[PDB]
Structure formats: C-alpha cells, structure tokens
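Worksheet: one structure, shown below.
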Amino acid sequence: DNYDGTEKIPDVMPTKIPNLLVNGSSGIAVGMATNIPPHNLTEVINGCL
DNA sequence: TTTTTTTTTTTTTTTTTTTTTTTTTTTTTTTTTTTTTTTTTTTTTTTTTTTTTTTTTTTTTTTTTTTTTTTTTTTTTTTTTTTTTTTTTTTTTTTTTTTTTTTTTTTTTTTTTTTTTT
C-alpha cells in the first residue's frame, strides 16, 4: 500500500529483462554508493542461459 | 625542370582603452542625557465668619500749564513698475489587480579526478 493507504504499488516488477546489468545504475546513499555500468542485452542473456 | 611574383598569419611587443580593486564626505543609527506626567502625605498653605481703628473720597473754592489754536513745510504715504516667492493645474511615472509568456538558484550524500600549497 502507498503512503495514504488508499492504493497499492508493486514491491518489485516481474521483469523479463536483466535491467540492472543492462541499463546499469548510479546512486549515492548515505553510507553506500552504487555505480554499475551498462551492458549489451544479447551478451547478458547469453550469460543467463 | 628550374626559377620568379604575390598573399596572408604568425615571431608578435607596444599604445589605447576598458575593467576591477580601492577608500573621503554627508546621511543614518544606538546610546546617554535631559524634559514631561501620576501618586503619598505632609507640614504647610490657604478659604471663610466676627471685631476693630483706620485713611482716602467727597461738601466747597483756587489757579496754571496742559488744552485751546493757525499755519509752513516738511516726508511719510501712495502710485507704478518689476522681481521673488508661494501656491495650484498639468503632466509624467510607477504600482497593484488576474490570467498568460519565459526563466534562475542554495544545500545533503559518496567516490573519483584535477588543481593549488607545504
């Protein structure tokens, strides 16, 4: 449920694409900090297979 | 195949101008110091009956020096003109209202790289 409690939000998307490796990410947390480069979708799917 | 003319951007560094850091003078601003106002009470001042011996005004008459007085000639007063100040129509500029068009900034958090100082 959302902040008001009047509507629902997904906890996680049911992805088919490996979005983390594919599109990458970059963010600055208080203690941690992530920096993940993008990747090619065909190569990542071959690795998954 | 060798040799000859011309064209411009650079070795440029110096003159002129512009931009950017500076600090004397009249207009603000916080402080201390002197003018205003309200209570207590307090000896002290001040309002009001009675008696009293006083000292200045009103019977009457006197004069003299200020009140009569006329007249010459000044000189303040009034007239016109022009300048200086005051005051009010006129104009200009700016601000606010509510729907529109556009934009612009300050910080956390981590991790890695430049970019100065020691």
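In the structure tokens, chains take the letters A, B, ... in the order shown, each chain's residues start at 1, and ligands count up from 1 in the order shown.
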For chain B, list the residues within 8 Å of chain A, counting only C-alpha atoms (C1' of nucleotides), and write the list as a count of residues only. 3
Out of chain A, which residues get alpha helix (DSSP H) from DSSP, as a PyMOL selection string? chain A and resi 19-23+41-48
Just-selected residues, N, CA and C atoms written as a compact mmCIF listing (two decimals), in the first residue's frame:
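Okay, result.txt is ready:
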```
# COMPACT_ATOMS: atom_id res chain seq x y z
N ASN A 19 17.53 -5.87 -15.98
CA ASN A 19 17.63 -4.42 -16.10
C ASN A 19 18.86 -3.86 -15.39
N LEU A 20 19.29 -4.49 -14.30
CA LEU A 20 20.42 -3.96 -13.53
C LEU A 20 21.70 -3.98 -14.35
N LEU A 21 22.04 -5.14 -14.92
CA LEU A 21 23.24 -5.22 -15.75
C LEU A 21 23.05 -4.46 -17.06
N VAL A 22 21.84 -4.49 -17.61
CA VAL A 22 21.61 -3.95 -18.95
C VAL A 22 21.69 -2.43 -18.92
N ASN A 23 20.78 -1.78 -18.18
CA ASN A 23 20.75 -0.32 -18.14
C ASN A 23 21.73 0.27 -17.13
N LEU A 41 22.45 -6.41 -24.19
CA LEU A 41 21.37 -7.32 -23.79
C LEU A 41 21.62 -8.73 -24.29
N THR A 42 22.13 -8.88 -25.52
CA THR A 42 22.37 -10.22 -26.06
C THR A 42 23.43 -10.96 -25.26
N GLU A 43 24.52 -10.27 -24.91
CA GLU A 43 25.58 -10.90 -24.13
C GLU A 43 25.08 -11.29 -22.74
N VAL A 44 24.28 -10.43 -22.11
CA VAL A 44 23.78 -10.73 -20.78
C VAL A 44 22.79 -11.89 -20.82
N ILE A 45 21.96 -11.95 -21.86
CA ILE A 45 21.03 -13.07 -21.98
C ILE A 45 21.79 -14.36 -22.27
N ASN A 46 22.86 -14.29 -23.05
CA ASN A 46 23.70 -15.47 -23.27
C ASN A 46 24.33 -15.94 -21.97
N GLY A 47 24.78 -15.00 -21.14
CA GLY A 47 25.31 -15.37 -19.83
C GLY A 47 24.26 -16.00 -18.94
N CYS A 48 23.04 -15.47 -18.97
CA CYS A 48 21.95 -16.06 -18.19
C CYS A 48 21.64 -17.47 -18.66
```
Which residues in chain A does DSSP call strand (DSSP E or B)? List them as a ChimeraX atom specification. /A:25-28,33-36
